[PDB]
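**Student:** Coordinates for the following, if possible.
(chains A, B, C, D, E, F and G)
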Amino acid sequence: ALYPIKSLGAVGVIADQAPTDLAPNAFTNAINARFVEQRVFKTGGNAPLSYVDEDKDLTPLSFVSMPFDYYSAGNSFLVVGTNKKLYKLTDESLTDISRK
Amino acid sequence: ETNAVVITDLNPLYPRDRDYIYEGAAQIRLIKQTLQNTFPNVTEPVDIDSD
Amino acid sequence: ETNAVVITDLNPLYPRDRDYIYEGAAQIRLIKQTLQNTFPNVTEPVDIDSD
Amino acid sequence: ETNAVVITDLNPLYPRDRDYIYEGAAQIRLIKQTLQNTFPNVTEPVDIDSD
Amino acid sequence: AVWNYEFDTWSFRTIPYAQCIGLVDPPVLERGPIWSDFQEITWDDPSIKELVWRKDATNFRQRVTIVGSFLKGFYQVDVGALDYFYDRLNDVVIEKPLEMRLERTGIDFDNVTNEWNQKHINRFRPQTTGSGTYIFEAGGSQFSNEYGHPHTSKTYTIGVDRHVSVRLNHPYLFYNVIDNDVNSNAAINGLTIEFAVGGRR
Amino acid sequence: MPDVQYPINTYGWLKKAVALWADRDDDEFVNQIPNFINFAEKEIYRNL
Amino acid sequence: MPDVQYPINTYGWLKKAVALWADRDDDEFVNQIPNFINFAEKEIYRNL
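**Tutor:** Numbers count the residues shown, from 1 in each chain, chains lettered A, B, ... in the order given. Please find the structure below.
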């Protein structure tokens, strides 16, 4: 005999539901899995990042991807916040720009 | 530079411009294709016989 | 990327794209030693006479 | 730079795991130029017959 | 918890202790650079190692989703497979291979056989893609309500193996697929489970 | 689930190898394994 | 998965070649290879 389970990406997690009455191609749990089109695969992982080594001592509470500023050129930067200061960083250096 | 199949007719000078740093791996793979294509028969090249 | 190949056997379809390519310099050494081992005599190899 | 050196006869381990990255592409250009110099003609070198 | 609005399908994932998240431009060393920039760098990895000649792209402007993290720093949140766990017992960060799990409890085969019928399993004949190394598990229960107990587990290593031999007979199968491995980009289009029928008491 | 030696020689291992050669492994079944065995040996010795 | 020689002199290889032919080696199966063999040789010698 056989029981074909095709289009494995068709629908992902179906919890809250009778695990014995799901469609063939549906999962009762999934973690770090990505579903697309017709297919299933491992999601992209987490991995670190740094502009400038001064940043890795930093717990940024929120931020912005601003592209332009009058003093900058046509080059993008970041506006990044903390518990105590607002910073800017641009792949070259760091700036406290808080309202003095 | 994908196109070179006659081999030895590559363009080493310029079209690199010290730019991209993503194409070095591709160039190495391309060089491997050129080397393999020229001599796809190697078992024991002990016939050096330089003279 | 393997290592011990001296029979002009360089696999080009097994690298990688997001992880370490800190072997491109090592690939150059691997490519050079394969060429040297096959033909350890090169001063002016115009002796092809393609006809 | 690397002047007064011709042909792929330089000693191995030239990258020495410490070159920058700007020497890797220069090595490729040197390899391509020397390989072109060694055999400046390739049409269909299937005529090896290692036997 | 992640919803793919192109197909209306849900999954879940780990993220690296995010305070905040956003799209952004990346650093230069990743921003499609130039051999003519490493004039101060050495092949000998000054603690910088994570540079793949060409990192797959999600965007034509080659942009990046970044997480501002509790772990004193920043992280990219969709990139080549690792995970950054934390340890309060030691007050240290840990890096480990990213683990996918897929899980379906209670495959009853009710579209070919009755529920109650015991079902000899032999094989999973998948139709995979890419490169990788999966771990399949299988087990079952005699009863409809349990998440069954494991009978077996095997590696599936692509290009080498075409199937997986699992011996069971319980009327309600389950399987897990796990992918723990670092150098994998494999995928599954589908399965094909080989089976027979016993009986019932 | 169970495991067995190669050179089956004991009722002890046999009682498990049976449970093996058949997929299903449950107490509704094992605990009566021995009955089955009794039946079989009897059916045999009856005319062997 | 496994491999063998041209001639199969013996057990050490045969118990693998079987896994090969008969399609699969998954451990629940191999570890009984020896048993299958002890069965077969007996089914033979009983009358050969």
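**Student:** does the closest residue to residue B:13 other than its chain neighbours count as helix, strand or coil?
**Tutor:** Excluding the flanking residues, the one nearest residue B:13 by Cβ to Cβ, 6 or more residues apart in numbering or on different chains is residue D:29, at 7.4 Å. Just so you know, the C-beta spots here come from the backbone N, C-alpha and C atoms, and that holds for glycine as well. Look at residue D:29: counting by DSSP: H, G, I helix; E, B strand; the rest coil, its state is helix.
**Student:** Which residues are in contact with residue D:29?
**Tutor:** B:12, B:13, B:16 (Cβ atoms under 8 Å, 6 or more residues apart in numbering or on different chains).
**Student:** Tell me what whichever residue of chain E sits closest to chain G is bridged to.
**Tutor:** Scanning chain E for proximity to chain G using Cβ to the nearest Cβ identifies residue E:165 as nearest, at 2.9 Å. For residue E:165, the beta-bridge partners are residue E:123 (DSSP bridges).
**Student:** what about it, how many neighbours?
**Tutor:** The tally of other residues near residue E:165 (other Cβ atoms under 10 Å in any protein chain shown) stands at 20.
**Student:** That one and residue G:30 touch, don't they?
**Tutor:** No - here residue E:165 lies out of contact with residue G:30, judged by Cβ atoms under 8 Å, at a distance of 9.4 Å.
**Student:** now the helices: where do they sit in chain F?
**Tutor:** With DSSP state H as the definition, chain F shows helices at residue ranges F:11-21, F:27-30, F:33-45.
**Student:** most neighbours per residue, which of the ones you listed?
**Tutor:** helix F:11-21 (a mean of 15; mean count of other Cβ atoms under 10 Å in any protein chain shown).
**Student:** helices or strands next to that helix in the packing?
**Tutor:** Contact here means 3 or more Cβ pairs under 8 Å, 6 or more residues apart in numbering or on different chains; DSSP states H and E; on that basis helix F:11-21 packs against helix F:27-30, helix F:33-45.
**Student:** follow-up on the earlier one: which ones among the contacts of residue D:29 map onto strands?
**Tutor:** Applying DSSP state E to the contacts of residue D:29, no entry is found in strands.
**Student:** quick revisit: mind checking which of the helices and strands packed on helix F:11-21 is nearest chain B?
**Tutor:** Nearest to chain B among the helices and strands packed on helix F:11-21 is helix F:27-30; the distance by Cβ to the nearest Cβ comes to 58.9 Å.
**Student:** quick revisit: any chance of the helices and strands packed on helix F:11-21 in a markdown table, with distance to residue G:35 too?
**Tutor:** A markdown table is the format used below for the helices and strands packed on helix F:11-21 (distance: least, Cβ to Cβ, whole Å):
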| stretch | distance to residue G:35 |
| --- | --- |
| helix F:27-30 | 20 |
| helix F:33-45 | 17 |
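**Student:** Looking at those, which is nearest to chain C?
**Tutor:** Comparing these by Cβ to the nearest Cβ, helix F:27-30 comes nearest, at 49.4 Å.
**Student:** Centre of the chain to that closest one, how far?
**Tutor:** In terms of Cα atoms, centre = their mean, to the nearest Å, the centre of helix F:27-30 is found 12 Å from the chain centre.
**Student:** now swap in stretch E:108-124 and tell me
**Tutor:** How far stretch E:108-124 lies from its chain's middle: 27 Å, per Cα atoms, centre = their mean.
**Student:** Pull out the buried residues from that stretch.
**Tutor:** Neighbour counts over stretch E:108-124 (16 or more other Cβ atoms under 10 Å in any protein chain shown) mark E:108, E:109, E:113, E:118, E:119, E:120, E:121, E:122, E:123, E:124 as buried.
**Student:** Now render the residues you listed as a markdown table, adding distance to residue E:194.
**Tutor:** Below are the buried residues of stretch E:108-124 laid out as a markdown table (distance: Cβ to Cβ, whole Å):
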| residue | distance to residue E:194 |
| --- | --- |
| E:108 | 17 |
| E:109 | 12 |
| E:113 | 14 |
| E:118 | 15 |
| E:119 | 11 |
| E:120 | 9 |
| E:121 | 7 |
| E:122 | 5 |
| E:123 | 4 |
| E:124 | 7 |
